Amino acid sequence: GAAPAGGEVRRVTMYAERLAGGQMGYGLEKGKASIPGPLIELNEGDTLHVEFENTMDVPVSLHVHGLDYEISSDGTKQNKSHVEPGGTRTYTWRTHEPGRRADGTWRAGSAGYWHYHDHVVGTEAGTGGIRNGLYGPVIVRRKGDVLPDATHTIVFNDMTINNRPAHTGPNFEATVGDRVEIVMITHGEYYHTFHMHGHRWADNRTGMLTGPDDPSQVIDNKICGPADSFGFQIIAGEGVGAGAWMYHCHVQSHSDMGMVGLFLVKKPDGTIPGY
Amino acid sequence: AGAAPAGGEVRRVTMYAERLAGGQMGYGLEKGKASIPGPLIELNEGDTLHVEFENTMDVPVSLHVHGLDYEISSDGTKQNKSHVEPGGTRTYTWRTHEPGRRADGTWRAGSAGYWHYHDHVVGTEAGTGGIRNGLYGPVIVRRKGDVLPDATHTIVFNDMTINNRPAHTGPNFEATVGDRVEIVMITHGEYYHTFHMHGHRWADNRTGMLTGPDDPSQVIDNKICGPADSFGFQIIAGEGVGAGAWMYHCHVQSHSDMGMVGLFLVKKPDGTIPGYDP
Amino acid sequence: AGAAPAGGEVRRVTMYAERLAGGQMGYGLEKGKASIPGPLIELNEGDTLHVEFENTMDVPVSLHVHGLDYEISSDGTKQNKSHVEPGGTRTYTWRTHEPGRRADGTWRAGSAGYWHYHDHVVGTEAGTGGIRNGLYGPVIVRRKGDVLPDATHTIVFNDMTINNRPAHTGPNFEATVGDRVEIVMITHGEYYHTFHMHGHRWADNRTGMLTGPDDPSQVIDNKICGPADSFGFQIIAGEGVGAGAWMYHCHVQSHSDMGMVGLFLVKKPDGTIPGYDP
Ligand SMILES: [Cu+2]
Ligand SMILES: [Cu+2]
Ligand SMILES: [Cu+2]
Ligand SMILES: [Cu+2]
Ligand SMILES: [Cu+2]
Ligand SMILES: [Cu+2]
Ligand SMILES: [Cu+2]
Ligand SMILES: [Cu+2]
Ligand SMILES: [Cu+2]
Ligand SMILES: [Cu+2]
Ligand SMILES: [Cu+2]
Ligand SMILES: [Cu+2]
């Protein structure tokens, strides 16, 4: 369970479909789009050719943060990288390992907790596409990265989580001891503060400290604005046990209005104390 | 005052929740001595703390902590039936661990940090009314070896107030040039803020100070923060700048204009503050 | 090309605050050449800078610096009798120090980094008025061995504007592929922002670049910020992504929609910009 060195040329098909009640979403199979979009994982140095079809009645696009891409895979109307209704296009994202340039300076790699979103619906910033659900997660791993038993994606989109109605979660389950991975993405108009009862993480790339020499901060509350993305890995219930562990936006009115879910950590027998 | 020692001590303490004056509420180590911010709790990594907690109010209350290990019974939440009815008592158990290598070879991150506690049931099940009335306080958790300060001041940007004070009433904080002052900065409520100090800068890491010439941590003097963010640092009062009334404030302009200002009065050894009229 | 040298030079400069067209205000090194942002001040750790200051306006003005070392008399505040009357002159001194180990064993953080200066007395004692009008400038303090860039651009999100500009006027900035471009990014006013660059990313640390494989700083391309935050980075133009009109915007959706967008214009070595067809 560690991430290998990348350098595969991988391929996938992505569709932008309309969903029930105003929503739109990406998906890897027509008829099966989802909010948030399907998780895309790659290893540093991979290349991904995304074979896109807009199946809707309005232009759409696909725009990625942090990964490498030429101006033709930008995903913006300004560059004519959008997709007409019914249209088709192939976006290419690349990645690079870190290393030294000819300069002798250090080039950082592509690894990170990133995301992809529309950039053309509603306005030329994607405002109404993001709002409708056109977003999702991409993880790019470094060699030797520790792999999880599970990855869950939490998006604070304006005043919702993953576009869901108020006080509907989502909830996620695990078993005590599971290495659980969280991808956290924020979108829209408002700043937020992500809080987890019972668990904490480092505020670096991996969410876990390099070792005793790692100056990274350890936190359980993280301010995030539109298009911030971060992620971490927590041992489920470490030092605290099983339970319905609340996670929420800690802005008080935001938590009060619905931006809450449960991290249901289970005992080996499958039962949750108090739930 | 030296360096933080290794932890491991089981500690115990009594805590109450008292209505204060002006529709406020607060936390106290003794009855009739609730404060806003609540009493400063310091453990070292390893220590356990048993808070014999009692509610002296006519409405339920709770105690919820950030950053420290605790079981679900001391969650502080109506969902986990861990609140304290009017007139009730409860023992909240917090614990802390050291950092260490896991079985799988990964680094478990310590309990140390600048943390905080607050209510979770007054007003709404997130504790909005309780946080608003003053039911919050600081928790410092040291790691073995941490430099310890000459003094410690807690600054809580609560919505549009510092420590639930009225506009433009600071609070002010005194020190003397050369002192090692530790600031604990917590934020609560609805608004983002940006915390700024005149004359003084710190490292945006755990301890607010740099490991050494290899610590890559950012050296800031302005720091955005949102509800339930908690950080702190230590500075040398007047270092490289000398004595005087050194402003701190929220750098959100309308917040500084509408009261989120205070002075960090840095005295000469003789006790006087250049340029400043008490 | 180059490297920051060690500091230690005393330097001097003239500064003028002047009214500009349309109730605006800005700073300048020469009279009549006032800009928004104000002129870029650059120093190396150790340097002292005396700034011969001229208030050409009819309204008092002040000069207030983040991050650097100054005594209360260069505080630039009404509080510390530190503002410049209409038609007044005044020398403001800024000092900077190298990082060094203190006599008490701790590490003292240096002055280096991406800082700024701004007015503190116009409109309010927070300088809310003069900051809105455009009285704010960038300050860069260099650590010895820092990589010096081919070009430096300053990007101030001032409330809902970029450099006080009208909506949807950039600024746009040009580079050639492979050029070492240093962004200075400041925020002011009332609102939080998220700064985003297409096709480019940087280290969230002091220099925006990682020092080596054991630098644990995050690699981001979207940075949240608020009034008086300042940061910076150097990127290699088009590295791994090539030439093009690379959009930089605030990613708060209503903020880019309403004009907070500009272009990073990266040219091929033949000077062309594929796709650019405004
Ligand atoms: Cu964009
Ligand atoms: Cu929120
Ligand atoms: Cu909590
Ligand atoms: Cu984006
Ligand atoms: Cu909570
Ligand atoms: Cu504020
Ligand atoms: Cu200042
Ligand atoms: Cu909390
Ligand atoms: Cu100020
Ligand atoms: Cu903005
Ligand atoms: Cu982008
Ligand atoms: Cu300032």
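So, how was this worked out
Residues numbered from 1 in each chain as written, not as in the entry; some residues may be left out. Chains lettered and ligands numbered in written order. Heavy atoms only, no water. Helix = DSSP H or I, 4+ residues; strand = E, 2+ residues; numbered from the N terminus. Rg over C-alpha atoms; globule rule 2.2 N^0.38 Å. Buried < 20%, exposed > 50% of the residue type's maximum accessible area, 1.4 Å probe, protein only. Contact = heavy atoms within 4.5 Å. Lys, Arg positive; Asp, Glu negative; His and termini not counted. Charge placed at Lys NZ, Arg CZ, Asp CG, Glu CD. UniProt positions renumbered as here; feature names shortened; annotations may be inferred. Polar contact = N/O pair within 3.5 Å; in protein donor to acceptor, adjacent residues only side chain to side chain. Patch = residues over 30% accessible without salt bridge, like charges linked within 9 Å, V, L, I, M, F, W, Y side chains within 5 Å. Areas by Shrake-Rupley, 256 points an atom, 1.4 Å probe, with all protein chains shown as cover. Salt bridge = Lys/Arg side-chain N within 4 Å of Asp/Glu carboxyl O. Pairing = 2+ DSSP bridges. Domains from an automatic or database assignment. Buried area = accessible area lost by both parts, 1.4 Å probe. Donors = N, O, S within 2.8 Å, 3.2 Å for Na, K, Ca; no water. Axes fitted to C-alpha atoms, helices over the stretch in contact; angles between N-to-C directions.

This deposited entry lists X-ray crystallography as its structure determination method and 2.308 Å as its resolution.

**Q** Can you explain the overall build of chain A? Please cite residues and give values.
**A** In terms of helices and strands, chain A carries 2 helices and 20 strands. For 275 residues, the compact-globule estimate of 2.2 N^0.38 gives 19 Å, and the C-alpha radius of gyration of chain A, at 19 Å, lies within 12% of that figure. Seen through its principal axes, chain A has C-alpha atoms that stretch 50 × 50 × 35 Å. Within chain A, the proportion of its 275 residues that are buried is 64%. Residue pairs at least 24 apart in sequence account for 71% of intrachain contacts in chain A once pairs closer than 6 positions are excluded. Once the 23 positive and 32 negative side-chain charges of chain A are each reduced to a mean point, those two points are 2 Å apart.

**Q** Would you mind going over the UniProt feature "domain: Plastocyanin-like" (unreviewed entry) in chain B in detail, with residue names and values included?
**A** All names here are of chain B. Mapped onto this numbering, the UniProt entry annotates "domain: Plastocyanin-like" (unreviewed entry) at residues 35-144 and 161-268. Secondary structure content for residues 35-144 is 5% helix and 34% strand, while the C-alpha to C-alpha distance between its ends is 29 Å. Structurally, residues 161-268 comprises 5% helix and 45% strand, and the distance from its first C-alpha atom to its last is 30 Å.

**Q** An account of the UniProt feature "binding site: Cu(2+) 3" (unreviewed entry) in chain B is requested, with residue identities and associated values reported.
**A** Feature annotation in UniProt assigns "binding site: Cu(2+) 3" (unreviewed entry) to the following positions: B:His64, B:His196 and B:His198. Sequence-wise these annotated residues cover 135 residues; spatially they are dispersed, their C-alpha atoms as much as 33.1 Å apart. Of note, B:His64 is situated in strand β5 (residues 64-65). What makes B:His64 buried here is its relative accessible area of 0%. Setting aside chain neighbours within four positions, we find B:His64 in contact with A:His195, A:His197, B:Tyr70, B:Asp75, B:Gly76, B:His116, B:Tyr117, B:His118 and B:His120. Of note is the side chain of B:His64, whose polar atom sits 3.4 Å from the side chain of A:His197. Turning to its location among the elements, B:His198 is positioned in the loop between β15 (193-197) and β16 (202-203).

**Q** Give a detailed account of a nonpolar patch on the surface, specifying residues and quantitative values.
**A** Residue and element names in this part refer to chain C. A cluster of nonpolar side chains, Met-160, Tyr-191 and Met-258, forms an exposed patch at the surface whose accessible area comes to about 300 Å². Relative to the helices and strands, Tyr-191 is located in the loop between β14 (180-188) and β15 (193-197). The exposure class assigned to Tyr-191 is partly exposed, which follows from its relative accessible area of 37%.

**Q** Quick one: what's the story with the pairing of strand β4 (residues 48-55) of chain B, residue by residue and with numbers?
**A** Residues and elements named next belong to chain B. With respect to burial, β4 is a largely interior element, 6 of its 8 residues being buried. Relative to β4, strand β1 (residues 10-19) runs parallel, the two sharing 8 bridges. Of the residues in β4, the one forming a bridge with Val-10 is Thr-48. Bridge count between β4 and strand β6 (residues 89-94): 6 bridges; the pairing is antiparallel. By the bridge assignment, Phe-53 is partnered in β6 with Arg-90.

**Q** Go over the domain arrangement of chain A with me, naming the residues and quoting the values.
**A** Residue and element names in this part refer to chain A. When its domains are assigned, chain A resolves into domain 1 (1-145) and domain 2 (146-275). Taking only C-alpha atoms into account, the centre of domain 1 sits 23 Å from that of domain 2. Both sides of the domain 1 and domain 2 interface together cover about 1900 Å² of buried area, and 55% of this is carbon and sulfur. Contact with domain 2 buries surface across domain 1, with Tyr-113, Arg-131 and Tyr-135 losing the most and accounting together for 35% of the total.

**Q** Kindly report on the coordination of the copper ion (ligand 10), identifying the contributing residues and their values.
**A** Residue and element names in this part refer to chain C. For the copper ion (ligand 10), the protein coordination sphere consists of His-193 (ND1), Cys-250 (SG) and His-255 (ND1), at 1.9 to 2.2 Å. Read from N- to C-terminus, the donor residues coordinating the copper ion (ligand 10) fall into the pattern H-x56-C-x4-H. Residue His-193 is located in strand β15, and its partner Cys-250 is located in strand β20 (residues 244-250); the two are separated by 57 residues in the primary sequence. The burial state of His-193 is the same as that of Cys-250; both residues are buried.

**Q** Explain the coordination of the copper ion (ligand 2) residue by residue, including any values.
**A** All names here are of chain A. On the protein side, the copper ion (ligand 2) has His-192 (ND1), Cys-249 (SG) and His-254 (ND1) as donor atoms, found 2.0 to 2.2 Å from it. All donor residues of the copper ion (ligand 2) come from one chain, and their arrangement in sequence is H-x56-C-x4-H. Placement of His-192 in strand β14 (residues 192-196) and of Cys-249 in strand β19 (residues 243-249) is noted, with a sequence separation of 57 residues between them. Relative accessible area serves as the criterion here: at 0%, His-192 is assigned to the buried category. Looking at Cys-249, the relative accessible area reads 0%, which means it is buried.

**Q** Requested: an account of the sheet that holds strand β4 (residues 47-54) of chain A, with residues and values cited.
**A** Residues and elements named next belong to chain A. In space, the 4 strands of this open sheet follow the order β2-β1-β4-β6, with mixed pairing throughout. Two strands lie at the open edges of the sheet, namely β2 (24-27) and β6 (88-94), each paired on one side alone. Each neighbouring strand pair of the sheet contributes to a mean axis angle of 25 degrees, computed without reference to strand direction.

**Q** How would you summarise the sheet that holds strand β11 (residues 151-158) of chain B if you had to cite specific residues and measurements?
**A** Residue and element names in this part refer to chain B. Pairing is mixed across the open sheet formed by 4 strands, whose spatial order is β12-β11-β14-β19. The two strands at the open ends of the sheet, each matched to only one other strand, are β12 (161-162) and β19 (230-236). Here β11 runs beside β12; their pairing, made up of 2 bridges, is antiparallel. Considered in β12, the bridge of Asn-158 is made with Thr-161.

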